[PDB]
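Only one chain is given next, in structure tokens, and it is the form deposited in one PDB entry.
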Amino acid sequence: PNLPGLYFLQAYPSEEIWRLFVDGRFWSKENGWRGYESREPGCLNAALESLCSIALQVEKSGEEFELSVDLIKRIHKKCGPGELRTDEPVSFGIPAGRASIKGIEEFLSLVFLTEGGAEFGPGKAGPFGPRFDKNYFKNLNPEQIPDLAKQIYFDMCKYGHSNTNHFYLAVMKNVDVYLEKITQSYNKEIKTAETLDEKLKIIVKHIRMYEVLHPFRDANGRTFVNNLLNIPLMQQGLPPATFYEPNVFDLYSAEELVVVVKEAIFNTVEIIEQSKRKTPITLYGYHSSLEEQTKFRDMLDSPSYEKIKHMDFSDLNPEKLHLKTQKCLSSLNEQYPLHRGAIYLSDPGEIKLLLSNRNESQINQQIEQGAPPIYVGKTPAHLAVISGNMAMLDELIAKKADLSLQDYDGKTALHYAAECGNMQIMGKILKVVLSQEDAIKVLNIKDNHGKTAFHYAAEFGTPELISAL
């Protein structure tokens, strides 16, 4: 098999297939996939048809898989206008939450960004694109890049974790040349890499450079991360990626992106395992209603996906394929164990064992920049609340965790409980909060938007439409 990982695409539950396109950050607030589909009707099926039809295209070819700009252009056309930008300006903002100091350093060092005329710096959105107060690619002394990357990062934080102050204007000179150059470097380097980790590092390093060069007018994310990225992953015999936040392939470093991709691959493994074990899938605090599933099942239309669901992987060992991805993802195990536990662990006994002998600093630990986005500035408590992890929240409350701690968005465990509409988790926190003398001060905590937990609670489930009801 040219793409042995296609086995995991087949194992992926049909009724949850949208999860490899819809960012996990949206699930709880937008009825899983519904909000993503309403923004661009037809976009889920087109993205699924694009992935499956091109993966089937590579598999049905004797020759060994080689990345090409024709491959990329076909992927863009399918996600839809098939052609590259020439002179067209493309820009976007980047919040602190989608950045890292090591990531900023690397981005400033991309020679094609300096020669291509790309711009990056602090500023404001203007009538025809960003109005830069500064552009870091103007007179950039390469010696100053480590110190400037620290400054840019602290400046992005000053504005707010989820707020956009920094803008990026892509390259407008020789996009076709850079596209071909990135492709050549990939094909040369991938052949060099011997281990799976080396391969992953090469893949993420190239996907990042493809994203940063924003070659298309639209759909760069879906093209490169939700499609392209999954092909070399499957080539390696790995599952495709289910992301919480895929929009990190600009200001994150290649090293930190390996971790981001591994966590995304782990999500797919949890999705498959839960479905196989007849367990109700609960990842990122989202429980799909039967109405949501039936609406998706009736909406689903992808012939190339149907061919993969009935594909013959009899001449392939699923056990060796399973043991290989388990070994590859084992690097995830000893990093922010309380945080990962609050996301993945549901067994009361495993949770109790994990929280044993842990101190006040470990239970209240807020992860710093560089970790995959969901962790940054968050306590295990914030993470239990967003994941619906009642067993973890109970253990944390028993461990005397501080529930008034605000994350980098100014949000407490109470703001997320209100935002997710969880009455039970909200009740547990409020029972705790009111048993302490500063109860009223804690309830009145305003986040970065000057909003209280009860302001969000008051807006929970409020229609997105102009309706009297």
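Start at 1 with the first residue shown and count on from there. Rigid core: the largest C-alpha set superposing within 1.5 Å between the two forms.
Omitted here: the form deposited in another entry. The next part is about that form.
- Just one of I54, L67, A47, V433 moves its Cα by 2 Å or more between this form and the one not shown on a rigid core overlay, and this residue is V433.
- Residue displacement note: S28 has its CA displaced by under 2 Å between this form and the one not shown (rigid core superposed).
- A movement of the C-alpha atom of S38 falling short of 2 angstroms is seen between this form and the one not shown when the two forms are aligned on their rigid core.
- Annotation for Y12: C-alpha shift under 2 angstroms between this form and the one not shown, rigid core superposed.
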